[PDB]
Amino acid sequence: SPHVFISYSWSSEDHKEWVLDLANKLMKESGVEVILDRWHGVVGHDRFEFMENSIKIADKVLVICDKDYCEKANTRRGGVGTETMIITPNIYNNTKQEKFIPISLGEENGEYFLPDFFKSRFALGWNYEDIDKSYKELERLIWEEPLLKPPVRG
């Protein structure tokens, strides 16, 4: 089954719970395996290593783009360290684009919360007023295999 890593920031307790609820839902309803830091008991200073490794082994990587994740992804106040849990330009660049499914939680200035360095400007814009529709589309994107195109009819 698809193995799905969830990259997110611990912005607040409510946000952690939303991500946890999503992880559970995906495994319960969508038949995928989810790689989640809390289920692995990841130590703070192993977060970068967990992130790097999990992206490598995942089929799909959900990037939970709330304002916090985006602003930290854009700024990098520390200069990237062992505790870093937010995707970096270097990690993004070295990963096939097709792995990432950015989910924008809200928007600003008429645009999705997406880190500056994400090359495609696409994201699943989460619709809090139609969760079923948003979740259905997330599920579709997870099971899609864009690396695979049917060949030419001869």
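Quick note: we count residues from 1 along the sequence shown, nothing fancier.
A.B. asks: Take the C-alpha B-factors listed in the entry for 142-150 and for 18-26, compute each mean, and give the stretch with the larger one.
C.D. replies: On average, C-alpha B-factors are higher across 142-150.
A.B. asks: Read off the CA B-factors in the entry, average them over 33-41 and over 107-115, and name the higher stretch.
C.D. replies: Mean B over CA atoms: larger for 107-115.
A.B. asks: Tell me which of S54, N93, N127, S120 tops the list for C-alpha B factor in the record.
C.D. replies: Within the set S54, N93, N127, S120, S120 shows the top C-alpha B-factor.
A.B. asks: Checking the entry, which one of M85, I64, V61, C70 has the top C-alpha B factor?
C.D. replies: Going by the entry's C-alpha B-factors, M85 comes out highest.
A.B. asks: Please place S9 in the lowest, middle or highest third of its chain according to the CA B-factor in the PDB entry.
C.D. replies: Middle third, going by the recorded CA B-factors of the chain.
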